[PDB]
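A.B. asks: Here is my input, please return the structure:
(chains A, B, C, D, E, F and G, ligands or ions: 27)
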Amino acid sequence: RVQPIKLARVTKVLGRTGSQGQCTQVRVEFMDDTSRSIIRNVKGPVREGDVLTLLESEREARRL
Amino acid sequence: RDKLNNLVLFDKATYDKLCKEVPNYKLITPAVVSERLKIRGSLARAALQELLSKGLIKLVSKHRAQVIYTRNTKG
Amino acid sequence: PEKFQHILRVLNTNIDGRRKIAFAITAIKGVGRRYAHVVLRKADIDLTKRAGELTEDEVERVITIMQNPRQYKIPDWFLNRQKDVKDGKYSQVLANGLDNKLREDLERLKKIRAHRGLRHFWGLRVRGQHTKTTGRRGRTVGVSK
Amino acid sequence: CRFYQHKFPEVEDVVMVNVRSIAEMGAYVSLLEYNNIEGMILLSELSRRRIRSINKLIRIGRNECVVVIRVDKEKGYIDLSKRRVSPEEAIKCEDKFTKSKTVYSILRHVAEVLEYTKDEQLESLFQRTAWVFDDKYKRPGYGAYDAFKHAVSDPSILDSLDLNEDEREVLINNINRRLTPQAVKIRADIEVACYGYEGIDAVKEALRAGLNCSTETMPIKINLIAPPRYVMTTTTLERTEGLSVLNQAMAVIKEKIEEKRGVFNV
RNA sequence: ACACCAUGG
RNA sequence: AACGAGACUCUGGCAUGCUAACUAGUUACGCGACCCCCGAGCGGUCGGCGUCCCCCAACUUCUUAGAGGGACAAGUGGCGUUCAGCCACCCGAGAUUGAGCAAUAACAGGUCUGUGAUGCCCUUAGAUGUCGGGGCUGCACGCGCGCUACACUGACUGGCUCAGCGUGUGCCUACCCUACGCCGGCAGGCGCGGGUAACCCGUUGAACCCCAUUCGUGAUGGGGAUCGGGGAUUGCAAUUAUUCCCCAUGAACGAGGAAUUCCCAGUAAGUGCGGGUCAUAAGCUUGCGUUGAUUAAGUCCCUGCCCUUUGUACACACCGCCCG
RNA sequence: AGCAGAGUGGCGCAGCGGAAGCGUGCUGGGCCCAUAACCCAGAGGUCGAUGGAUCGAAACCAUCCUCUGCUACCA
Ligand SMILES: [Mg+2]
Ligand SMILES: [Mg+2]
Ligand SMILES: [Mg+2]
Ligand SMILES: [Mg+2]
Ligand SMILES: [Mg+2]
Ligand SMILES: [Mg+2]
Ligand SMILES: [Mg+2]
Ligand SMILES: [Mg+2]
Ligand SMILES: [Mg+2]
Ligand SMILES: [Mg+2]
Ligand SMILES: [Mg+2]
Ligand SMILES: [Mg+2]
Ligand SMILES: [Mg+2]
Ligand SMILES: [Mg+2]
Ligand SMILES: [Mg+2]
Ligand SMILES: [Mg+2]
Ligand SMILES: [Mg+2]
Ligand SMILES: [Mg+2]
Ligand SMILES: [Mg+2]
Ligand SMILES: [Mg+2]
Ligand SMILES: [Mg+2]
Ligand SMILES: [Mg+2]
Ligand SMILES: [Mg+2]
Ligand SMILES: [Mg+2]
Ligand SMILES: [Mg+2]
Ligand SMILES: [Mg+2]
Ligand SMILES: [Mg+2]
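C.D. replies: Numbers count the residues shown, from 1 in each chain, chains lettered A, B, ... in the order given. Ligands and ions are numbered 1, 2, ... in the order given. The protein structure is shown below:
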């Protein structure tokens, strides 16, 4: 329940998910060891190269 | 609404407190002086122009919709 | 400065000395803003004073100019009862004569039973406005029996 | 002011709140068994089964009993729930609420006469007097109302510590308009059927002997609901003392009609 | 991993 | 092979290149003149302000409007069966302005009250073909499009400073747009001129905005309904107030329930101005400028649309059919 | 006549002293091409009457009245 914050850099834009097409699937690396990668659903207008902040990085996105 | 019963002109207590606040306030505007005491807000303008005349406060900006003063350009 | 008595009781109405004179005396009927400003200018008193800052030798002059305007060169096109229908006078009717004149005018109209008096009797609109979709005071009517 | 010894609400407590309005994410509410801090019930946290319209199971302006799910004492946040509210908890919550409001309303004459220029008067009076009025039987199961329950039925506690001015004659008046009267129910079942003419003045030797070993004139109830079932109740006392005086009444009154002639029910 | 969704001068 | 799409027409953005202009201007000085030293200086010479006056001065930058030019996914890098094409970037006035026009087939859609378009039926002199008066506006109530507000990112009072699209003397039909002088607080009146118009109103001194005063959280100096009394103009006639002006009265309304409309860049919204109807007159509509955002670069969830496969007891086509 | 329960919106009712709402009915809106269902708002109160306590009640106490169930059933 106690985890620090993790900054993650976006390296690929996959597609638009959600019922209205309202959020985006994005693949990120973890700013500490580039050998890590996860998939997240981002809410805003994400480009490639941006840095997201993760309040919970042990999760992963399935879809929707 | 509500009920804000402000004073139309000073009494001696408020009148001395208005001169005992001069060194204390970093920002002086009519609205702040209205909220500190119970002043009709159009009396606060006259009070601050009077204090300014006596060199007790320093004018930093005057505009139609805003006036700003500060304590003696110090601290 | 000079926390003195403020609440005034001018003829048949209460003025608050907490306000400026030109907007304090408008509390009396028949006296609006355009009238009060002129009545205060003709009386040569200042216009930045609160209505409580007037001693008993100003208020009297203000009201005696307010009640006899044509004496102090207030014009005719400016008074609220001109060519008085039944006496030919020009006057400002001020405080209680206003309601009396209004009721007397309505009763005059109803007496000869003109059309304006009949619209005033039935509580309808006296000018020529449509009444099909405005006014709307009563209650909703049910259509299902 | 504050209604409770605890300044802030704690986790897993049923607070009796007032729904003040509803935002896109939750009903913001006024807590009033505490100070008047703002709280939020989340719209997801509001029911377990599907809701047909919200303007039924909440209406703005109704007090209702909702549990706490999170509190942040650092910056003043309270989160609340209605999924997590039991009917048996619903039994005790407004009990606690009304029993706290009684002690808040008794602490009014004080604010009525004391330094009501500030309301810190009532806060100080609370932390002084009402803080200690409940720490003596709280876990046993009494609030701050037991002290005043005893104040007029057995005045020894208010004088066991500071007693102040013009507050006594207000509380020893008003709580004995409401809490003090005895739960009297003990109508004795006196069933007999005699076959003698003096059978009315044969029990009259005991008709005055409802309560025994006392004064002859002490007030009792003269009852008749049926010729076969006569009825008795005596000096009221408290209902276990009432049962102690009544325990043999059905028998000590019967022991006089059995002796003349005829055998009755015992 | 599927709430409700009837009828027609 | 044909239609529709596209192409096409008008429009907005660019040309210091062309054509050429007292019914448009610029600059120059010929000037001449006013004014102030505001500069060296003296104040003059040099300058500074001018919608003050002239040029048979030189020119077309601004204005006008004609002819041509110019943008093509043309250049460069990626992605593409290396095809059709897509993304990014340099250069550029611009790399996706806005409208007009629009198919086969159809609807018992609207219009007989636009018509000297029209079939049939009715009436036709006690007319269903003309004058006077009333109505189309009446008010317990239900609904639609809208105007003004709920104030301090404001109201009031002064000062300052900027537009564009238009219209303008009428034949029957009798009326147009106004300058400037005087008179009146105001609406308005009298007197003399210009314009059939890039010529006169007009350099269209527009509003919001900008700069200073008074107000002070109070249904208040917010709001302007309702109503009393008076003064003008149009007209043959103003009462059921035509419109306009003045003093007075001073209602609801403190941001709006369930629902629901419109919108992607000079766009939404704020703001004023013209045309239409108009003897009189816009809270309407149709065009024009002025200040000028937040949010998107997506999806098929909701409402619908297009194409393919599939199912059907429907074809008056699911608002269908049909069982007890 | 007696016991017990109840007396609150047209109707069924909730309401352990800081004091008027729920469910149904009624009227008008919403949603739909339209009707039912469903959503919203409005209207309608001597809290049975009379006194008393209480700082204060619809609520507590006392008297009376009116309904309902059950025995009593009574010259
Ligand atoms: Mg259906
Ligand atoms: Mg049926
Ligand atoms: Mg059927
Ligand atoms: Mg059918
Ligand atoms: Mg072919
Ligand atoms: Mg290429
Ligand atoms: Mg460039
Ligand atoms: Mg185009
Ligand atoms: Mg077509
Ligand atoms: Mg036709
Ligand atoms: Mg025909
Ligand atoms: Mg017609
Ligand atoms: Mg004719
Ligand atoms: Mg006629
Ligand atoms: Mg009509
Ligand atoms: Mg329409
Ligand atoms: Mg506006
Ligand atoms: Mg217009
Ligand atoms: Mg015109
Ligand atoms: Mg017009
Ligand atoms: Mg129209
Ligand atoms: Mg829609
Ligand atoms: Mg297609
Ligand atoms: Mg098929
Ligand atoms: Mg068939
Ligand atoms: Mg069907
Ligand atoms: Mg059948």
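A.B. asks: Now the spatially most central residue of chain B: which helix or strand?
C.D. replies: Central residue of chain B (CA atoms, centre = their mean): residue B:33, 4.3 Å from the mean position. Using DSSP states H and E, residue B:33 falls within helix B:30-36.
A.B. asks: do whichever helix or strand comes after that helix and RNA strand F meet at all?
C.D. replies: Sequence-wise, the next helix or strand downstream of helix B:30-36 (DSSP H and E) is helix B:42-53. Yes: using CB under 7 Å from any atom of the strand, a contact is recorded between helix B:42-53 and RNA strand F, made by B:42, B:45. For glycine as for every other residue, the C-beta is placed from the backbone atoms N, C-alpha and C.
A.B. asks: Can you name the next helix or strand after helix B:42-53?
C.D. replies: Following helix B:42-53 toward the C-terminus (DSSP H and E): strand B:58-62.
A.B. asks: Ramachandran coordinates for residue D:26?
C.D. replies: phi 180, psi 160 (degrees, to the nearest 10).
A.B. asks: wait, what's in contact with it?
C.D. replies: Contacts here follow CB atoms under 8 Å, 6 or more residues apart in numbering or on different chains; on that basis residue D:26 touches D:40-43, D:45.
A.B. asks: Start from the N-terminal end of chain D and give the strands.
C.D. replies: D:14-23, D:26-31, D:38-42, D:63-72, D:77-81, D:188-191, D:229-232 (DSSP state E).
A.B. asks: To residue D:207, which of those lies closest?
C.D. replies: strand D:229-232 (8.9 Å; CB to CB).
A.B. asks: Report whether the closest one contacts RNA strand G.
C.D. replies: No: between strand D:229-232 and RNA strand G, judged by CB under 7 Å from any atom of the strand, nothing touches; the nearest distance is 9.4 Å.
A.B. asks: And the contacts of that strand?
C.D. replies: D:187-192, D:210, D:220-221, D:223-225, D:246, D:249-250, D:253.
A.B. asks: How about residue C:76, nearest residue that isn't a chain neighbour?
C.D. replies: residue C:90 (5.2 Å; CB to CB, 6 or more residues apart in numbering or on different chains).
A.B. asks: Can you pull the phi and psi angles for that neighbour?
C.D. replies: Torsion angles, degrees, to the nearest 10, at residue C:90: phi -120, psi 130.
A.B. asks: Pull out the buried members of the contacts of strand D:229-232.
C.D. replies: D:188, D:190, D:192, D:210, D:220, D:246, D:249-250, D:253 (16 or more other CB atoms under 10 Å in any protein chain shown).
A.B. asks: Make TSV out of those residues and add distance to RNA strand G.
C.D. replies: Formatted as TSV, those follow (distance: CB to the nearest atom of the strand, whole Å):
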residue	distance to RNA strand G
D:188	14
D:190	15
D:192	17
D:210	19
D:220	16
D:246	17
D:249	18
D:250	18
D:253	20
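A.B. asks: Among the residues you listed, pick out the one closest to residue A:64, please.
C.D. replies: For the buried ones among the contacts of strand D:229-232, the nearest to residue A:64 is residue D:246 (73.7 Å; CB to CB).
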